[PDB]
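Peer 1: One structure, as structure tokens, below. Some questions next.
Using ideal geometry, Cβ is built from the backbone for each residue, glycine included, and neighbour counts are taken over all protein chains shown. Since every read-out is calculated from the coordinates, none of them should be taken as a lab result.
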């Protein structure tokens, strides 16, 4: 978390912020990312979101991590390979937000329905495989 | 009425920012009295009045202050660049270099009228304080988000929180110099902005051409006040300077001769500052002696004679007397650039040739 | 009484450097014809003539060349600073910033009329070449001490030693733009130097003024128009569209010269020679096609191609990036600016123009509680 | 050294006939509230007050009204001259030409009490007859002789339309005229005053004023045209999109100096709604109400309000008047202010002769044939 927050600050040309040894985990990450101290309710919501996103079944990234770790070299290379293979093509939820912004108000609902009907393809952001 | 050496008295442009009157000694910003404006207004309100031409309401002023405070932070790339500057340089040259480098990060080019001015009004004091600290040797100090503009500048410079009275006195002293009649620096800025390139270049040119010979009057007046000796030595050196046919600096303005309001108001603020918080007694003694002993030549102490004292008391290095004046004048420079952006006159004075014609180039000389 | 709107005709100063008259098509440096001078002279001789006003001797020219060669090395601090510069910016802004920074290293009696000019004339080409190399990520190249001035500049820019004929052509092109009449950049330099501060601030302000509006140049827009023309067949439609809209077609027709200014014809001849000795390419073919299709009817109203139209093609064939056009002009422009500053150093009188106030009078401030 | 651009904010004259507030929305004729005069005062009383400055007496008012009625007859030579006019000429140009030609038949230029009263009464009386006659001629119809029994506005309406109107409509027209009687100094008033400075004659002054009054391409008519173009309320959204995108002040809404709900607008809309409830409501008036409501619901925060021109055009259209006659109605309404300014300027004699700033070349040479 410290590394990713530091790079996020650097990408905008801002000096990295030293972490605090008093706040909670999610609270510390949010403070490092935004410099603004958040409410404990938001910190708890972020923590439970992380813990529900903690782990899933075997997928491509987990399989790559396991096959790399099979030779028991070191965890750092394994996690590096896993995060490298995690990135999808052109680097879904962000695309969902972009599509939502593109749609705008509810006056443009019908073209979306027409497109989804005509394409005969699973609309992204809806349903699981 | 075509040719006149020095280009003196020839009108240049339909300016609508500053007004002057030698016979009455008045001064107005958008037709508002200088004394009344300085009495009950802040620096940001004065800058808004000089730029947009109309006083701001509550929400406009709050938004302007919020944007100023948000954008007052300085990108670390500028700090890294200024780390490489040599320690033997001069503050104004470094300020010009920084203002020129700022153009790289914000080239860009309907909203390109308000972001540039707020960024350029916010970042200059931080950069100049950072270079002062770097020349001294210590690392820069990040700005706060609670202090006032003058208070924030003082905290950045002398790493100490100033009293609210000192902050107010510095704010009024800064807004006193916020604008003046067209002069060399303002005319050069107007010429540069006639081509409508960008604010970051016209401001750089203006701060470059603002440097006087030998790299203002504050340093020389402070040097002469320090070198005058004691109270009993006021007469000898003063009469020596009178006899040597040398004009006495710090007195006798070219245009104003009726005790211009800036000088008297700055003297009043200096008097009210000194009592609540050496230089004071000797300065008042020498100025009183000069005033009582000349009494005929229209000799009056101008603004700088007391501006130097008010800067020295507040804890500012002697060399830094020029960058604060540049910070004050940048508001007027931006106002002139905004006004001239519409004209699109494209100045192009034609010279007159006074040489020879139809010579030959000899292969051997 | 009288008021000229923008100093359009008021005489600025008693200029004695150059003189231009459109009636006879004469452009003289120190009263010397441009074509005859450029026929058998180099850039250094022209610069010395512009600076001092008299042709030097062989020994003095050799000493000046030796001093120029000796002062080509760039300080490593400036290289580090440019390594700390961004990349998305434009080269001219970086050049202006570097010129402003140059004053920090050198500051502070008779000798301080000769060292400044030579240092400023020598460092700027290597500086812009180093920034160009840094912009693409490549390291700067240390200059050589055996090549010629144009050869050294080409070696810095393209790391390939060019033919002597190409170096001569580049030198001729540089000395062609050596100095022109007073304009916005020259007047800004003059007014900055009127306070006799230092050549560095003057050249920085002048370079800042020279920056074209919207960060563009005449050569850049000429090349853009040529690309927008497309193939050879599409020459007529675009030309007749430009004629119909009553808009001055770029690269055709100057403002002061209507009698076939010698710079245009001499640069056209140089371009012809350079394009004929080297590869022809389609650039020259399309340029000839469009220039003929324009001039076959524009000659009625006295419209002729100007210098920049040929200069852009010459620079393109020479192997120079498009964005670097402005600094190349700036080299000759600072060469001229140093002469204007030297002329201005004699008379000490700053420009102090007045103004006519067009605003209100005797208003009053209103507290926030009412407005 | 001062030089204002456009001669703005310069005390051209010391006028005492009209006053405006600019902050409280007050309008005063001779220092009298506009609403007070508009409540229970006729057009002739307002004109007399503007001309003389003191409220008339009953006998004086009756004498002035009888004099006005007696001079309503137009010379047949004027009709014969207007006969030769083309049928394409816009009405205001013909009105200016007729006003200028009136000076030929009256060249007193010297009793003195007569040449302060006869000229002004004739100029105030003959203009409506002239404009109505040209309106009839433009359509190829024989001019109608005026009647010496109806009221001023009633007589004008009868001459224009040949149909006798109701007294309520006549009163509404009269109060509209009296609220349009005079305003502050503007371009037309300034031109009239500068022409009258040399105290030649009122006819030339009024001719110049009506000539300079005509705008480019000869606002309220444009407002009506735009309203007709919009049609029903189904086309409101493209209008809002256009107004948002253009970033320009929509014509017919708001005033240059009045952003405080100008007093004339509310009075005029009250008169309009009174007329429309008395004489029934037509669909286009309801369309106007709908579009003005849909505008004010969004433009209120920016300080944009419907202007008097819109309501004036609406009421004129509802009264049965051609669109091209809007400008002559404004001219006949305003003709009191020009006469008042001429009368007040006649007391003094200060010829206007400002200087100029020369921005040209100072000396050149004359090419013989080159």
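Peer 1: If the viscosity is 0.692 mPa s and the temperature 37 °C, what translational diffusion coefficient in µm²/s does Stokes-Einstein give for the stretch D:150-277 when Rh comes from Kirkwood over Cα pairs?
Peer 2: On the way: Rh = 18.4 Å.
The Stokes-Einstein estimate is 178 µm²/s.
Peer 1: Order these by the 10 Å Cβ neighbour count, fewest first: D:92, B:249.
Peer 2: On the way: D:92 23, B:249 14.
Final ranking by Cβ density, sparse to dense: B:249, D:92.
Peer 1: Still on this structure, I have one more. Could you work out the per residue convex hull volume over the alpha carbons of the stretch C:297-371, in cubic angstrom?
Peer 2: Working: hull volume 28.0 nm³, N = 75.
Cα convex hull per residue, to the nearest whole number: 373 Å³.
Peer 1: Here's a follow-up. By counting other Cβ atoms within 10 Å of each Cβ, how are C:155, C:200 ranked from fewest to most? Could the numbers behind the result be given before it?
Peer 2: On the way: C:155 19, C:200 23.
Exposure proxy ranking, most exposed first: C:155, C:200.
Peer 1: Using alpha-carbon positions, what is the distance between the centroids of the stretch C:41-55 and the stretch C:171-218, in Å?
Peer 2: 19 Å
Peer 1: Along the principal axes of its C-alpha atoms, what lengths does the stretch A:7-129 span, in descending order and rounded to whole Å?
Peer 2: 52, 43, 30
Peer 1: I've got another one for you. Percentage of Cα-Cα pair distances in the stretch D:223-311 greater than 22 Å, rounded to whole percent?
Peer 2: Numbers: 1036 of 3916 pairs.
Here the tail beyond 22 Å accounts for 26 percent of pairs.
Peer 1: From the mean inverse distance of alpha carbon pairs (Kirkwood) and the Cα radius of gyration, derive Rg over Rh for the stretch D:219-370.
Peer 2: Numbers: Rg = 22.8 Å, Rh = 19.2 Å.
That ratio equals 1.19.
Peer 1: Note down the nm distance, to one decimal, between modelled labels 7 Å out along Cα→Cβ at residue A:107 and at residue A:41.
Peer 2: Computed distance between label sites residue A:107 and residue A:41 equals 3.4 nm.
Peer 1: Counting other beta carbons within 10 Å of each Cβ, put C:20, A:106 in order, fewest first. Working shown, then result.
Peer 2: Numbers: C:20 17, A:106 7.
In order of increasing Cβ crowding within 10 Å: A:106, C:20.
Peer 1: Report the Rg/Rh value for the protein assembly as shown, based on alpha-carbon coordinates and the Kirkwood definition of Rh. Please report the intermediate quantities before stating the final value.
Peer 2: Details: Rg = 38.9 Å, Rh = 37.8 Å.
Rg/Rh for the protein assembly as shown comes to 1.03.
Peer 1: I would also like to ask the following. Can you tell me the Rg and the Dmax, both Å, for the Cα atoms in the stretch D:101-169?
Peer 2: In Å, with Rg to one decimal and Dmax whole: 14.8, 43.
Peer 1: Given C-alpha coordinates of chain D, what is the ratio Rg to Rh with the Kirkwood estimate of Rh?
Peer 2: On the way: Rg = 22.6 Å, Rh = 22.8 Å.
Expressed as Rg/Rh, it is 0.99.
Peer 1: Still on this structure, I have one more. What does DSSP give for the protein assembly as shown in terms of the percent of beta bridges that are antiparallel, rounded to the nearest 5?
Peer 2: Values: 17 of 22 bridges.
Within the protein assembly as shown, antiparallel bridges account for around 75 percent of the total.
Peer 1: So, one more: Using only atoms on other chains, find how many Cβ atoms lie within 10 Å of each Cβ of peptide B:286-292 and report the average.
Peer 2: On the way: counts 0, 0, 0, 0, 0, 0, 0.
The mean count of partner-chain Cβ atoms within 10 Å per residue comes to 0.
Peer 1: Per the Kirkwood definition applied to all pairs of different Cα atoms, how many angstroms is the hydrodynamic radius of the stretch B:206-257?
Peer 2: Values: mean 1/r = 0.0760 Å⁻¹.
Hydrodynamic radius (Kirkwood, Cα only) of the stretch B:206-257 equals 13.2 Å.
Peer 1: Expressed as a whole number of Å, what is the distance separating the alpha-carbon centroids of the stretch B:226-265 and the stretch D:87-165?
Peer 2: Each part's Cα centre sits 79 Å from the other's.
Peer 1: Per the Kirkwood formula on distinct C-alpha pairs, the Rh of the stretch B:71-114 is how many angstrom?
Peer 2: Values: mean 1/r = 0.0821 Å⁻¹.
12.2 Å is the Kirkwood radius here.
Peer 1: Same structure again: So what's the back-of-envelope 222 nm ellipticity for the protein assembly as shown, counting only DSSP H runs of four-plus at -39500 (n - 2.57) apiece and dividing by all residues, rounded to 500?
Peer 2: Numbers: 55 runs with 699 residues, N = 1235.
Calculated at 222 nm, the ellipticity per residue is -18000 deg cm²/dmol.
Peer 1: Note down the relative contact order for the stretch D:139-195 as a percent, whole number, built from C-alpha pairs under 8 angstrom at least six residues apart.
Peer 2: Values: 20 pairs, mean separation 12.8, N = 57.
22 percent.
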